[PDB]
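Any value given below was found using the heavy atoms of this structure, including those in side chains, with hydrogens, waters and symmetry copies removed. Each chain gets a letter, A, B and so on, in the order its sequence line appears, and its residues count up from 1.
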Protein chains: 2
Amino acid sequence: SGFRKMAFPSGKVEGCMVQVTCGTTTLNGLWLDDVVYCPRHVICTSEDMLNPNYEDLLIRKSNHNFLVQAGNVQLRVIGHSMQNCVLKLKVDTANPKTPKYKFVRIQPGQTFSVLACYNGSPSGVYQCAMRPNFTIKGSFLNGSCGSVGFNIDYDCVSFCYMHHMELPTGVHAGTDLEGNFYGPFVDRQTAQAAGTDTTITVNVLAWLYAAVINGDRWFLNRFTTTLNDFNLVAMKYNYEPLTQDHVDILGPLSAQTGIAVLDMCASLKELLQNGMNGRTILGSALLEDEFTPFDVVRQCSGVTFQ
Amino acid sequence: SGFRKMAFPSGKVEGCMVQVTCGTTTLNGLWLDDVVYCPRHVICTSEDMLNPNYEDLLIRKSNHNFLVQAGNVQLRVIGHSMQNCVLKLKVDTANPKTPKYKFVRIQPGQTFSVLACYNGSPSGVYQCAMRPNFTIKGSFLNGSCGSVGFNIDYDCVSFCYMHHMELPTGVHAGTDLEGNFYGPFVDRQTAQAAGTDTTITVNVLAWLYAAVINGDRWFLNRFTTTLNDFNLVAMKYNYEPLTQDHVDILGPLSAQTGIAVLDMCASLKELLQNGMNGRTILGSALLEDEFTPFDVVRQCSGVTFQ
Ligand SMILES: *[C@](O)(C(=O)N1CCC1)[C@H](C[C@@H]1CCNC1=O)NC(=O)[C@@H]1[C@@H]2[C@H](CN1C(=O)[C@@H](NC(=O)C(F)(F)F)C(C)(C)C)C2(C)C
Ligand SMILES: *[C@](O)(C(=O)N1CCC1)[C@H](C[C@@H]1CCNC1=O)NC(=O)[C@@H]1[C@@H]2[C@H](CN1C(=O)[C@@H](NC(=O)C(F)(F)F)C(C)(C)C)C2(C)C
Ligand SMILES: [Cl-]
């Protein structure tokens with residue numbers, strides 16, 4: 001028992017982190033096979049970042065202008081190209097620590113682990129959600145750019161995020177590993193704000209199932225509801241619409257606990273309408289929405305990685 | 001910016017995890033040099049665990065009765081001994097992945113990362129505190145015994161916890177790596193309860209400093225207090241006494257923010273007396289006490305490990 005915000009083991013990703021320097025700008029890169037991936041703003045000065053023309057900045061650079069360090073070893077760069085907002089440096093050495101891996105673009109509401117890094121070295125690991133407004137609520141300082149987000153399935157690392165920037169409110173924005181931003185953000189130091197965020201309804205229901213599995217059952221009421229009536233009520237409280245796909249994904253938790261998804265929806269509606277009355281659920285005074293149905297199953301059933 | 005419950009990178013510890021089986025009991029072991037450390041209740045049947053005589057159970061076992069697997073490799077056991085509540089299996093192979101390491105016994109209030117494991121394989125990583133009542137608020141299922149807790153300093157893994165059991169309330173108990181329990185618990189399946197827990201005052205102050213560093217400053221009041229008057233007020237709310245050593249440890253955060261420790265104590269007293277008035281601090285509606293002063297500095301200054 002117990003329920004914690006749990007990150008993936010970070011070992012497979014720690015073996016891929018390198019330091020990349022161009023001129024006086026240093027940040028982190030991801031070394032997979034003979035390619036180093038990093039944010040393209042490694043090629044900017046501070047000056048440049050106010051309004052950079054990356055194509056112009058990159059034509060002026062050659063392979064030898066990129067310094068890549070893996071511990072006390074420099075990797076010779078033998079090719080470079082820009083894909084959207086990420087730079088790919090071909091190096092003369094394949095990373096022997098390369099795990100089985102994929103690049104995925106995740107959907108809003110999905111979670112991942114971040115390995116926060118500085119100068120190519122890990123600081124820490126924590127779990128994040130891709131927010132409905134395409135920000136993440138991270139912990140990132142200057143030097144953290146090129147830190148990545150990932151999921152592990154058995155032996156396979158799915159890389160889904162590379163860190164590029166911090167927005168007002170101290171929330172974070174970045175790209176998939178093809179260098180496409182999540183959300184409408186651009187890699188320029190200019191006024192940008194996140195849209196107003198929403199609560200990820202399906203994740204709140206997943207966490208209420210986790211509460212039941214752990215014996216925290218006070219909020220269960222004797223009612224059911226329709227998906228329709230649940231969504232009209234939830235909309236007022238800035239909750240995502242719950243779709244039939246969401247109901248289907250909650251199936252395994254519903255079956256394990258014997259609580260129909262629409263009965264849990266009736267319990268959540270009452271919590272939204274009445275509040276928690278000074279009570280906690282799994283130690284929290286607020287409803288949590290950064291656990292997916294899969295996160296609850298992996299933690300409560302003890303899924304491991306090889 | 002941002003402030004997350006951050007775990008240590010787990011790679012150095014993932015390389016030490018093995019599966020240990022004795023008869024039909026399987027749990028996790030920690031392989032360092034040519035020694036595998038695991039909980040001594042690997043030698044029990046279910047029956048035995050109600051009231052085990054471990055010395056008696058162990059005289060009946062020989063080296064070959066212990067099956068140690070590291071992936072698809074069996075490690076030949078060539079010696080065994082019991083130290084307090086941990087079994088040490090000498091094996092014929094030194095773990096080539098052995099990091100620089102130490103065994104430490106931590107103090108109540110100190111934090112560490114747990115690498116939750118099943119059948120010798122990692123499930124996830126999360127941060128815990130040794131509670132004043134010598135429990136941890138973990139996430140552990142059957143099969144998790146032998147999972148360890150650790151801190152990293154630069155390149156050195158300080159192992160401080162090995163998991164043995166779950167108490168009422170779904171809190172957890174275990175040993176240091178010399179097999180001495182934290183708290184008054186014993187490795188027997190019998191009625192045991194944790195003492196009433198306390199709030200780790202120095203950690204609550206550390207987290208209020210983290211809030212200030214992140215720009216969440218509403219709770220700062222215009223008053224100071226004496227250590228004496230602060231401790232008389234805090235005692236009522238089941239907060240630890242704050243000692244002069246605690247004040248001295250908060251020095252670096254105090255100096256960085258320009259807020260004297262006793263001024264922050266005055267702000268905390270007002271929060272304890274008046275509550276948070278429907279407000280949050282760093283996203284939380286409750287005061288957090290599982291960040292140490294060192295945890296705040298490592299996260300807010302970007303300390304890395306090699
Ligand atoms: C990243 O560049 C980095 O770590 N570097 C080490 C050499 C460069 C850095 C990470 C940031 C810094 C603070 N916390 C983080 O997450 N990213 C940037 O500095 C980013 C680069 C410039 C401007 N960046 C910003 O994040 C800025 N934000 C914005 O302008 C905006 F979000 F509001 F739009 C600042 C610095 C104001 C937070 C570019 C976008 C190219
Ligand atoms: C641990 O043995 C394990 O993981 N094993 C795989 C083979 C054995 C296990 C971890 C527990 C199980 C549930 N969550 C956990 O953290 N520990 C035990 O089963 C532990 C073994 C017996 C009884 N143990 C208990 O944890 C029990 N608790 C208590 O009796 C007490 F805490 F109340 F005292 C139970 C199983 C009731 C939770 C011994 C202490 C030797
Ligand atoms: Cl909370």
Side-chain angles (χ1 to χ4, degrees), chain A residues 1-15 17 71 97 113-128 136-144 152 154 166 169-172 214-216 276 280 282-286 295 298-306, chain B residues 1-15 17 71 97 113-128 136-144 152 154 166 169-172 214-216 276 280 282-286 295 298-306:
Chain A
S1 300
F3 201 77
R4 278 277 200 190
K5 190 61 68 63
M6 196 174 285
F8 287 99
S10 62
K12 281 173 156 55
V13 177
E14 291 167 55
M17 297 312 307
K97 292 171 173 171
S113 297
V114 167
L115 182 64
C117 293
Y118 302 89
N119 295 112
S121 294
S123 180
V125 63
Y126 54 87
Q127 191 82 347
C128 273
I136 74 172
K137 294 199 197 137
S139 183
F140 293 117
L141 302 168
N142 203 16
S144 64
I152 306 177
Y154 177 54
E166 189 176 291
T169 60
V171 300
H172 299 103
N214 278 271
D216 212 356
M276 264 185 274
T280 56
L282 285 168
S284 170
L286 306 171
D295 295 344
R298 73 168 258 260
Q299 179 161 171
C300 296
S301 82
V303 168
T304 59
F305 312 96
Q306 278 69 31
Chain B
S1 300
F3 201 77
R4 278 277 200 190
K5 190 61 68 63
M6 196 174 285
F8 287 99
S10 62
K12 281 173 156 55
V13 177
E14 291 167 55
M17 297 312 307
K97 292 171 173 171
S113 297
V114 167
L115 182 64
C117 293
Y118 302 89
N119 295 112
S121 294
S123 180
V125 63
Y126 54 87
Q127 191 82 347
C128 273
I136 74 172
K137 294 199 197 137
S139 183
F140 293 117
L141 302 168
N142 203 16
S144 64
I152 306 177
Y154 177 54
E166 189 176 291
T169 60
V171 300
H172 299 103
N214 278 271
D216 212 356
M276 264 185 274
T280 56
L282 285 168
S284 170
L286 306 171
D295 295 344
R298 73 168 258 260
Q299 179 161 171
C300 296
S301 82
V303 168
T304 59
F305 312 96
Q306 278 69 31

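Between the A/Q306 side chain and the B/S121 main chain, no donor and acceptor come within less than 3.5 Å of each other.
Among the candidates A/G120, A/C128, A/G302, the residue making the largest number of heavy-atom pairs closer than 4.5 Å to chain B is A/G302. When each of A/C300, A/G11, A/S139 is scored by its heavy-atom pairs under 4.5 Å with chain B, the top score falls to A/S139. Of the residues considered (A/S1, A/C117, A/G2), A/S1 shows the highest number of contacts with chain B, using heavy-atom pairs under 4.5 Å. With chain B as partner, the option from A/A285, A/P122, A/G124, A/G170 having the largest number of non-hydrogen pairs under 4.5 angstrom is A/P122.
In this structure, chain B has a heavy atom under 4.5 Å from the side chain of A/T280, while its backbone stays farther away. Heavy atoms of A/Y118 lying under 4.5 Å from chain B belong to its backbone as well as its side chain. Heavy-atom distances place both the backbone and the side chain of A/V125 under 4.5 Å from chain B. Looking at A/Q299, both its backbone and its side chain come within 4.5 Å of chain B, counting heavy atoms on both sides.
At least one side-chain heavy atom of A/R4 sits less than 4.5 Å from a side-chain heavy atom of B/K137.
Contact between A/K5 and B/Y126 at its shortest, heavy atoms only, is O-CB, 3.7 Å. Residues B/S123 and A/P9 approach most closely at O-CD, 3.9 Å, considering heavy atoms.
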